[PDB]
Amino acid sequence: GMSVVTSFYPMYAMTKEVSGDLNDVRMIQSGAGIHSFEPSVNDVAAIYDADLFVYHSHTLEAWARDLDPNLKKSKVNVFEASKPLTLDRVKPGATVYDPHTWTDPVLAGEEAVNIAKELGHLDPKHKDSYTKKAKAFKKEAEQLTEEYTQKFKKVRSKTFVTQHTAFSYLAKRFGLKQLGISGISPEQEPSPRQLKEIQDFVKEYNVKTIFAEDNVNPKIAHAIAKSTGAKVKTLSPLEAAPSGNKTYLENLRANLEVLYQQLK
């Protein structure tokens, strides 16, 4: 079987679709707050009793690097799936990086390819089945990429505002510009200064939709929206496990579809 643990939805969906039915994948945190998530002794115990723990990046789940198998006498394989990927710093001249690479199809696709290389490396008797499921996912990912890259070039509106800075990589890939009401994390709420900057930014680029998210309180988003004449819609950074039973990419497609509609 091989027990695979996973940090949050994105990691869960990529490792699962790539694993198929071969293993038993579980998710540590399915709720919200991955940014401020901190494991319980039950959680780490779970990680250690696992054969494989998959997480996104130390820049997000910093707690993960604190995990030490050799010491705890565990046979677990801690794997940081975005390690090969290169993160943009949050601000020009800043020691911190933006971890929201999964909302960008291409990076998501290649993160899933790295995850499959791990599964294959830890379970050689199925190495073929893994890379086979990864190519499919990545191919779809490119398919999804080619699609929206066309839809967006046919939209003259390019800017949108989101609840928190979680779509920089998605925007960057489709030639769109974004600004987050909050920072890399939803807890990093705006001072009265930034609010007015968000406002003047909305006015500057005639942004007509402020995208809130199910994870946080839309008060501030509604506020800005009422003061700048823009309306509020919901856009998911996929940090929380989506309702329904769509594929990861299907879930992503649905989100950049609303993006395309609001922007046109």
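So that there is no doubt, residue numbering starts at 1 and follows the sequence shown.
Look at the C-alpha B-factors of 219 to 227 and of 41 to 49. On average they run higher in 219 to 227. Looking at 141 to 149 and 170 to 178 together, the entry lists the larger mean B-factor for 141 to 149, computed on C-alpha atoms. Highest C-alpha temperature factor among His35, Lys196, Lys233, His56 per the entry: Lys196.
Of the candidates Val90, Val161, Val113, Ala81, the one whose C-alpha carries the top B factor in the deposited record is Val90. Ranked within its chain, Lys72 lands in the middle third, by CA B factor from the PDB record. In the PDB entry, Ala134 places in the highest third of its chain by CA B-factor. Sort the chain's modelled residues by C-alpha temperature factor and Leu85 lands in the middle third, per the entry.
When the modelled residues of the chain are ordered by C-alpha B-factor, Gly109 sits in the middle third. Remark: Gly183 belongs to the middle third of its chain, ranked by C-alpha B-factor as recorded.
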